[PDB]
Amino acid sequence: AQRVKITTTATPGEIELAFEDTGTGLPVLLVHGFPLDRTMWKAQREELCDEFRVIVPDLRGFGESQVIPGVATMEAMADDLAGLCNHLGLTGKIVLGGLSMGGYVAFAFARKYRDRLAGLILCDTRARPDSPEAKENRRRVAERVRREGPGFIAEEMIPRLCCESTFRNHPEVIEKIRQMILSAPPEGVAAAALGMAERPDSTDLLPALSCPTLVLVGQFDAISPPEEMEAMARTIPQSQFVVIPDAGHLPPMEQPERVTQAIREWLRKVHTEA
């Protein structure tokens, strides 16, 4: 892993990002969820790198990246990704993938940097904005986590994040997720919670997308359910919809091989169509 100060068009203009960059060829940038870190995507980075160049950053406020107090908007996170790609000399097109909050970041990137996208991978995510109650919940989480840290988030979220089969067959995956959450910087968690509350509605963005899009969901995802994601895919042109069996909200970790293969075979199509 690497740590680099990048130039970003978002406040504060410069930020230190930690990231992995593994493989050669077509760049595929994978964005973790909330309140996780780059290691969420480890299996896909380690396996897809035989064929693609896989770049996996810690978002601002997460993992080993710099924490920027206040509000970390989805736009700002996307701006940081554009800055990272600029740093790396990936100044043309990329494939951008994200899970859940990382999907929100991908929408923000697509709004602003459409000419930089060869493709989008939207995993276990939603196009709608937060409802008023959800926004209030963000705010209450932000104010709590600043002072108490993310233990309460792990307690609340872990039963909702993975399916029963993962708890039974892969307790080590559950523990790895728990440690990601417990290690998340408190102010980074807070800033991202507030940022999620202010993200725009991406409903009308969907029909305007201009690249192939893979829409991936766990069969048992309790947070961004498959029926909702299917409906989302029906408004995205050039979509492919994949349900990963025997996974909840974190397919990349729960069913790593199946996720890697779905992404690999779709990337080959995108490449052929391009």
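All residue numbers are counted from 1 along the displayed sequence.
Looking at mean Cα B-factors across 245-253 and 62-70, the upper value is held by 62-70. Taking only CA atoms, the mean B-factor in the PDB entry is higher for 157-165 than for the other of 157-165 and 119-127. Looking at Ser210, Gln44, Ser224, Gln240, the one whose CA carries the top B-factor in the deposited record is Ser210. Per-chain ranking of the deposited C-alpha B factor places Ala110 in the middle third. In the deposited entry, the Cα temperature factor of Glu136 sits in the middle third of values across the chain's modelled residues. When the modelled residues of the chain are ordered by their C-alpha B factor, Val217 lands in the lowest third. The entry lists a Cα temperature factor for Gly188 that places it in the lowest third of the chain's modelled residues.
Among the modelled residues of its chain, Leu206 has a C-alpha B-factor that falls in the middle third, as given in the PDB entry.
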